Amino acid sequence: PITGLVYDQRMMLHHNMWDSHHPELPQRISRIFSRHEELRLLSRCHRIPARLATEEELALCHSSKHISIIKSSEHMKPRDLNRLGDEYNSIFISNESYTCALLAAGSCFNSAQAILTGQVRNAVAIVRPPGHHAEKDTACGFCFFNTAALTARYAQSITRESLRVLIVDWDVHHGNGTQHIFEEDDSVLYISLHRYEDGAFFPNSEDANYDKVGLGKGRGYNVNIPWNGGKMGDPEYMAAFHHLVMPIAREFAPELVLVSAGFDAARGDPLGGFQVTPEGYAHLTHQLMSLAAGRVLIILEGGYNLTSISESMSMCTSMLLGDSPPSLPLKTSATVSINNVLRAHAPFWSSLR
Ligand SMILES: CS(=O)(=O)N(Cc1ccc(C(=O)NN)cn1)c1cccc(Cl)c1
Ligand SMILES: [K+]
Ligand SMILES: [K+]
Ligand SMILES: [Zn+2]
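Under the deposited numbering, read the sequence shown as residues 442 to 769, 774 to 798, first letter to last.
In structure tokens form, the structure reads like this:
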């Protein structure tokens, strides 16, 4: 009945040498870690060590070409780092980037291992750079390797190929990389909530719309919950969980839950423009704890208001530790989004009928 926590200060070394105010800051993870100490959560957790992912583990989801290219950045001069980062959509690279990406992934593997071997019930991973925009063959959106997708495959690699893994992605952006990696896969249920604005919101693709339900044997196993029409918050996230996330998850019956836990839908976030509260994130966490016999790993993705992400992620950890949850009308367009997803998924999930 133990909660694991992984954090390693070495993941601060990845930085933007041309713009020190770029919002994907080293101090995102140190601020979150400090808040856990201040709230006396850290001493309640079992500390899981970080490690490097191996290149073989990266190949669970990424091409050997992509791995090779990111690894080559380790010894590049600034000019070539700039050139390489510019080949991608919204990437900056320093000499430390590759090692940090490997540590973020390795940290999550050790956390998944700790859960699946019964050393801990659940776990939190305070890691950067983030993962969910990274594709098999490319980096994107501050992400180099898809930490959460790699973690699902790593979990399968130590149990069975068909281990049922639910990934709930509540980062305010669509995890395009996670969707694509698992698009034909019925072993990994991908559920994302995200601001969409008919394609105006990053990463600017119709791949994030509610009608993208999965392909082939994966049909029904990709659930996109897209928001349009500006600010959303706790009422809309709670309704999406009540009507969609939780009934689908219960029918899937996952054996492991991974949360692509960006905190950029948080009140105060400059990039997300949403109003989800720390108490909101705590309730979402508590709901997910009802799945998979409590086997939940919370993985940091985005989230840029240092105070907001520190309070919100700490409240999720408080829930994992078994603390009592909070006791908390929708925007019109949110009702429209939820009903669109319900209609898209009723052919696949009896619970929605
Ligand atoms: C071009 S942009 O959209 O303004 N954008 C891309 C972006 C935004 C958010 C995320 C994210 O949080 N993903 N989870 C990833 N990439 C961006 C790029 C560089 C700097 C800033 Cl402030 C914003
Ligand atoms: K998301
Ligand atoms: K899938
Ligand atoms: Zn995000």
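By construction, the Cβ of each residue, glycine as well, lies at the ideal position given by its N, Cα and C atoms.
- Considered as a whole, the stretch 715-760 harbours 719-729 as its complete alpha helix (DSSP H) runs of no fewer than 4 residues, in chain order.
- Taking C-beta separations shorter than 6 angstroms and ignoring five residues to either side along the sequence, the partners of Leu712 in its chain run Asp705, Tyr745, following chain order.
- Secondary structure at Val606: strand, using DSSP grouped into helix, strand and coil.
- In this chain, the beta strand (DSSP E) harbouring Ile632 covers 629-636.
- When Cβ pairs closer than 8 angstroms are counted between the two stretches, the stretch 550-567 is seen not to touch the stretch 657-672, the count staying below three.
- Taking all protein chains in view, the Cβ of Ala596 is crowded by 16 or more other Cβ atoms within 10 Å, so the residue is classified as buried.
- Set against 6 angstroms, the gap from the CB of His614 to the closest heavy atom of ligand 4 is smaller.
- Residue pairing by DSSP puts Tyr448 in a beta bridge opposite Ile567.
- Counting along the chain, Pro667 sits inside the beta strand (DSSP E) bounded by residues 663-668.
- Per DSSP, the continuous alpha helix (DSSP H) segment holding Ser505 begins and ends at 505-513.
- Looking at the DSSP output, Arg488 shares a beta bridge with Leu446.
- The closest heavy atom of ligand 1 lies less than 6 angstroms from the beta carbon of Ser531.
- For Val686, no alpha helix (DSSP H) encloses it, and the DSSP letter there is neither H nor E.
- Judged by their CB atoms, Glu742 and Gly714 are not nearer to each other than the 7 angstroms cut-off.
- Here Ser701 is bridged, per DSSP, to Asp610, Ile740.
- Residue environment analysis places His635 among the buried positions, since at least 16 neighbouring C-beta atoms fall within 10 angstroms of its C-beta.
- When the beta-carbon positions are compared, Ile534 and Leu525 come within less than 7 angstroms of each other.
- Listed as beta-bridge partners of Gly674 by DSSP are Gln716.
- Linking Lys653 to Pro792 through their CA atoms gives a straight-line distance of about 13 angstroms.
- Sorting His727, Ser795, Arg798 by C-alpha distance to the C-alpha of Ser768 places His727 at the top.
- Here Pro719 has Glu752, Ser753, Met756 as same chain residues with Cβ atoms under 7 angstroms from its own Cβ, once five neighbours each way along the sequence are excluded.
- Here the distance from the Cβ of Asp764 to the nearest heavy atom of ligand 3 is not below 6 angstroms.
- Separation of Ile473 and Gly657 (C-alpha to C-alpha, rounded to the nearest whole angstrom) is 40 angstroms.
- Judged by DSSP in its simplified three-state form, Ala590 adopts helix.
- Taking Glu515 as the centre and dropping the five residues before and after it, the same chain places the C-beta of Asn536, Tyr539 closer than 7 angstroms to its C-beta, in chain order.
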